[PDB]
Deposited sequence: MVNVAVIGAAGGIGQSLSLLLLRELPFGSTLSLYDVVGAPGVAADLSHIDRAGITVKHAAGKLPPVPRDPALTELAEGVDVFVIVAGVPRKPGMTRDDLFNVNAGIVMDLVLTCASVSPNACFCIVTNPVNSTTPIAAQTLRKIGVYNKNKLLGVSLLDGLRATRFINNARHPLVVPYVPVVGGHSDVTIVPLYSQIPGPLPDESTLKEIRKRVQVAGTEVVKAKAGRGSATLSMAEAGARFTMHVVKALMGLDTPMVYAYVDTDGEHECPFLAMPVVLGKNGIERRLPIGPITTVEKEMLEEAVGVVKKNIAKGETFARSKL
């Protein structure tokens, strides 16, 4: 049996993520839900679906947030995977960093052997904060902390398939980070002939900036909610199936480089199974333009990591 817990299940991302995760989880598994407001309502109506072999649990926190909430302490016993999607919709960084710290501290104090998947933004700065918190507790494991950066691959695949038609590829490698100039799509590594460099330039720029055109489409009133939910659900299913012994997939994730690279954290290919990360793989051959892009990407990612650790250090 696997027990999967969604933290922040009543939000805009969380509702769709829970709905998608309920439909795909294997027979005999459990789903745990938590939030500070609205958890009972979402847990009531997901429990009316006729899917057999699945158990649904829930907990609710005190509406004015309380650090180390006992309700979350009781729900976190026996969990295998944690999905942290509790972000509030540098004030954003200040607000979200403390939430991530508190939630990881509460969850890792009762089930230290679980896997942590971090969806709340900005990933580049929040993954090092979770690492610092876990090291403070004394239960850090480099092979079980993951940052989810699969939406950029989805966008890159969509745009290149729209360009070359009919010629479909199932995925595109993406390396670097998960924000603007730090995203580097490697189109030279996909099968088949490619369009002119002048159009690949525009496609790459579109990939790096795609997050802003959805905000502009909504007239500044919101952001993407459905594509992030789908990316999170797919990555969670990869982790679950690998952990049950039913696969050994190869994925791209923002992880600890462990001396494989000069940058402490980077998005890179890995193969995981049965214990988390199994092997971390080299990036591979790249052209001159991609090398130039990756230089600047790494230069910025180092600063993001530094700021995250600077914030983390100040809290005892």
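Residues of the deposited sequence lacking C-alpha coordinates, numbered from 1, fall in the single stretch 90 to 96.
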